[PDB]
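Read through the structure below, which is laid out as C-alpha cells, and then see the notes.
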2 protein chains.
Amino acid sequence: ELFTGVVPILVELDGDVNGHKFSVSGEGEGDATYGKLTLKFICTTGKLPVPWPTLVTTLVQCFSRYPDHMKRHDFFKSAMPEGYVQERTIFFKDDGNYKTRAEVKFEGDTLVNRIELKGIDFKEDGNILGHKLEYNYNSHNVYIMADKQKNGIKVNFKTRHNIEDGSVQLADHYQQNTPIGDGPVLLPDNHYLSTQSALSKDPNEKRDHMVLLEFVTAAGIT
Amino acid sequence: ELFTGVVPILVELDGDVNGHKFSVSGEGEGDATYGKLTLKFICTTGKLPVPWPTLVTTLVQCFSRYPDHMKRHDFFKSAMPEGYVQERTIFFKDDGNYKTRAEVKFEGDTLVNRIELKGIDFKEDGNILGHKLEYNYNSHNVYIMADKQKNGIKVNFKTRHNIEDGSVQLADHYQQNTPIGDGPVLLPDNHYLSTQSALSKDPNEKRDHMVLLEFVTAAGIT
C-alpha cells in the first residue's frame, strides 16, 4: 500500500574515483504500477569525473512492476518502509571498479536512496576515465535469488555500455540487499527484472546533469 | 515552426509476413524540442504474427532533437508538411526480410505515418516467427547522408535484438526518404541520430499492444 501511486524519489551520492570527489543530487518519481521511473540528476560539484552511463545502476529497484502472481517474491517492497541496504561491487572489464553501499528507505512520504561510492584502479586512458562512452543505455536482465542466511537477496548481472568506436565496455555487478528492519521480509524464488533505460538531457539545463527514464518488470516465475 | 510544441502523431500499418496479414494502429505525441516520443500501438486484427520489437523501426524521425548548429541538416522537418516518403529494406540475419514503404506527412494538425509492409522468407523456427525475442530495446546509431540525385537522404543502420537464450538477432536497415513536395528541401552533411528506446505494456490494456518510449538526438556535426 505504499507504492500504489506515484512516489516521490530523492537520491544523493558522494563518490571518490581514483582520488577525485563528486556529488550527485537527483529527484524524480516512481510508479510501481507501471514500473516507470523518471529521474533527473545534477553533479553538484561542477563536472563529473566519470561518464554518466557508469552511475545509472548505482543511482531504487523497489519500483519494479511485479505481476500479481509474482507478488510474494517482491523482497524490495516487503522491506519498506524501514528500507533495505543495497551493496555492490561493480567490475568494469580491463579497468577499475566501484564499491558502493546504499541505504534505501522512506523518509516521510519520499523514498530516498543515499549512496556512497569508491572507484579504484582505473586506467587513465580507458573508456571510463577517457570518457569514450556513448551517452545512451541498453536493456539488461537483473538476476535475483534469496540469501537466507542474511534474510535478503543476492543479485548479479552484467551491463554493456557502448564505446565511441563501436565496441562494448562490459561491467560486472555483484549485488546484495539486507533489510534495515528486524522483521520477517519476503524471500524470493529465482527470477529476474527486465530492465530498460533511456538517457537524455534537459536542454534548458546548464549544470552537468542526466535525465533518466526507466522501466522495470519482474519475470521468470510461472 | 510546426514542431515547436507537442505534435499529435497517428500511425497506421498494414502488413503481410509470409502470407499472414495484420494491422496496427497507434497514437502518441512527439516533441522535437526534447526529441521525445510516446506512442502506443494496438494490433487491430487480434494477435500479432511477429514479435513487437521487429516493428519498432517501421512504426517518424522528424521528431529528432537537432542542436542549433545542426539545424541546416534537418531534411526530416525541412520536408514538412508535404511530407516525405520513407522506404526500407530490413534484412534479419539468417532469416527473412521486411520491405516497407511509408508516407509521413501532416494531415491537418496531426503528423501521420502510413505504412505498408511485406515480410518474406522467414524461417518458421527462427527467432522472428518463433517469437524468441525479448520484449525490450537497445540504443543504436542511425547513419545519414544526402542523396542528391533524389533530393533526399540515404540512411543505414543495424539493430540488435536480444534473444531469450542470451544471443542477438541483428537486423540490417537500408533506408531512403524522398520529399512528397516539389520544392527545395534541406540536404544534410553526414551525421547520425543517437536513438534510444524502451518498451512496456499498459496493464489495463487487453488488446495485444506495445507502449513505446523514445529519445532521438542528432550528432556528428562539429
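Every chain in the C-alpha cells takes a letter, A first, then B, and so on in the order presented; its residues are numbered from 1, and the ligands are numbered from 1 following the presented order.
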| task | May I ask you to extract the residues of chain A within 6 Å of chain B, using only C-alpha atoms, and to give them as a PyMOL selection string? | result | chain A and resi 137-139+196+198
| task | Compile the contact shell of residue 49 in chain A as a VMD selection string: residues with an atom at most 9 Å away, counting only C-alpha atoms, same-chain residues fewer than 2 positions apart removed. | result | chain A and resid 17 20 to 22 47 51 129 131
| request: Considering only C-alpha atoms, return as a ChimeraX atom specification whatever protein or nucleic-acid residues lie within 10 Å of range 180-192 of chain B, sequence-local ones (same chain, fewer than 5 positions apart) excluded. | output: /B:70-85,103-105,140-148,151-157,216-222
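Counting only C-alpha atoms, residue 119 in chain B has the following residues at most 10 Å away, ignoring those fewer than 6 positions along the same chain: residues 15, 16, 17, 18, 19, 20, 50, 89, 90, 91, 96, 97, 98, 99 and 100 of chain B.
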| said: Just list as a PyMOL selection string whatever in chain B DSSP marks as alpha helix (DSSP H). | reply: chain B and resi 75-78
Do you have, as JSON lines, the list of residues of range 23-102 of chain B lying at most 7 Å from range 3-6 of chain B, each with its nearest atom pair and that distance in Å to one decimal, counting only C-alpha atoms and ordered by chain then number?
{"residue": "B:29", "atom": "CA", "partner": "B:6", "partner_atom": "CA", "distance": 6.1}
{"residue": "B:30", "atom": "CA", "partner": "B:6", "partner_atom": "CA", "distance": 5.5}
{"residue": "B:31", "atom": "CA", "partner": "B:6", "partner_atom": "CA", "distance": 4.8}
{"residue": "B:32", "atom": "CA", "partner": "B:3", "partner_atom": "CA", "distance": 5.9}
{"residue": "B:33", "atom": "CA", "partner": "B:4", "partner_atom": "CA", "distance": 6.7}
Residues just named, written with C-alpha atoms as a PDB file, in the first residue's frame:
ATOM      1  CA  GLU B  29       2.737  12.731 -29.334  1.00  0.00           C
ATOM      2  CA  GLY B  30       6.197  13.951 -30.184  1.00  0.00           C
ATOM      3  CA  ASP B  31       8.259  16.922 -29.096  1.00  0.00           C
ATOM      4  CA  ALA B  32      11.173  17.747 -31.359  1.00  0.00           C
ATOM      5  CA  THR B  33      12.319  20.159 -28.570  1.00  0.00           C
TER       6      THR B  33
END
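The space separating CA of residue 117 in chain A from CA of residue 13 in chain A comes to 7.2 Å.
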| request: Would you please give, as a ChimeraX atom specification, all residues of range 8-165 of chain B that DSSP assigns to strand (DSSP E) based on the backbone? | output: /B:8-17,20-31,36-43,84-92,97-107,110-120,140-147,152-162
| d(CA of residue 60 in chain A, CA of residue 133 in chain A) in Å | 23.4 Å
| said: Which residues are close to residue 112 in chain A, i.e. within 7 Å by only C-alpha atoms, leaving aside same-chain residues fewer than 2 positions away? Reply as a list in words. | reply: residues 9, 10, 11, 104, 105, 106, 107, 110 and 114 of chain A
Written file, previous selection with N, CA, C and O atoms, as a tab-separated table (two decimals), in the first residue's frame:
chain	number	residue	atom	x	y	z
A	9	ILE	N	10.83	10.43	-5.35
A	9	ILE	CA	12.14	9.82	-5.06
A	9	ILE	C	13.20	10.91	-4.98
A	9	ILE	O	13.18	11.83	-5.78
A	10	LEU	N	14.10	10.78	-4.00
A	10	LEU	CA	15.24	11.68	-3.77
A	10	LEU	C	16.49	10.79	-3.70
A	10	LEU	O	16.46	9.71	-3.10
A	11	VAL	N	17.55	11.17	-4.42
A	11	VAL	CA	18.81	10.42	-4.44
A	11	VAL	C	19.96	11.35	-4.07
A	11	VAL	O	19.97	12.55	-4.41
A	104	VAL	N	18.39	2.41	1.03
A	104	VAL	CA	17.11	2.91	0.51
A	104	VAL	C	15.90	2.77	1.46
A	104	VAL	O	15.59	1.69	1.93
A	105	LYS	N	15.28	3.89	1.80
A	105	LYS	CA	14.14	3.88	2.70
A	105	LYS	C	13.20	5.09	2.55
A	105	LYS	O	13.46	6.01	1.83
A	106	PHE	N	12.08	5.07	3.24
A	106	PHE	CA	11.15	6.19	3.16
A	106	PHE	C	11.53	7.10	4.29
A	106	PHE	O	11.81	6.65	5.45
A	107	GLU	N	11.64	8.37	3.93
A	107	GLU	CA	11.91	9.39	4.90
A	107	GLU	C	10.67	10.23	4.75
A	107	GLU	O	10.60	11.13	3.90
A	110	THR	N	8.60	10.54	1.09
A	110	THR	CA	9.54	10.43	-0.01
A	110	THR	C	10.42	9.19	0.16
A	110	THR	O	10.83	8.88	1.26
A	114	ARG	N	20.36	6.89	-0.49
A	114	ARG	CA	21.63	7.56	-0.14
A	114	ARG	C	22.80	6.65	-0.41
A	114	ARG	O	22.99	5.64	0.26
| request: Give me, please, the distance in Å between CA of residue 95 in chain B and CA of residue 127 in chain B, quoted to one decimal. | output: 8.4 Å
